[PDB]
């Protein structure tokens, strides 16, 4: 969950060793040649007094399919709440294992 009135900004310069509340998803695979992906989405409400919903997804698929999936999960979360959706911010990454790899996607919450 993203606190109401929070702002999506580029990762700030975090203090070394800070304890950062973070929503993330990851997948690890040792299958040579396999493509694995991780994705994160943030559903932002039109009603700014409501919070934002963070959804994560990981799987043995392309980053395109992972981002599509995680964005739909966020959409569903807002429908379940019956909240008007402003938009969804999402990010995804894919990795093709060589020997043993990990794909990781996160939403780091901090303070400014």
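Residue numbers count along the first chain shown, from 1.
According to the PDB record, 1-9 carries the higher mean C-alpha B-factor of the two stretches 102-110 and 1-9. Per the PDB record, residue ranking by Cα B-factor puts residue 37 in the lowest third of the chain. Ranked by Cα temperature factor within the chain, residue 55 sits in the lowest third according to the deposited record. Among all modelled residues in this chain, the alpha-carbon of residue 88 has a temperature factor (C-alpha) in the lowest third. In the deposited entry, the Cα temperature factor of residue 61 sits in the top third of values across the chain's modelled residues. Annotation for residue 70: CA B-factor lies in the middle third of the chain's modelled residues.
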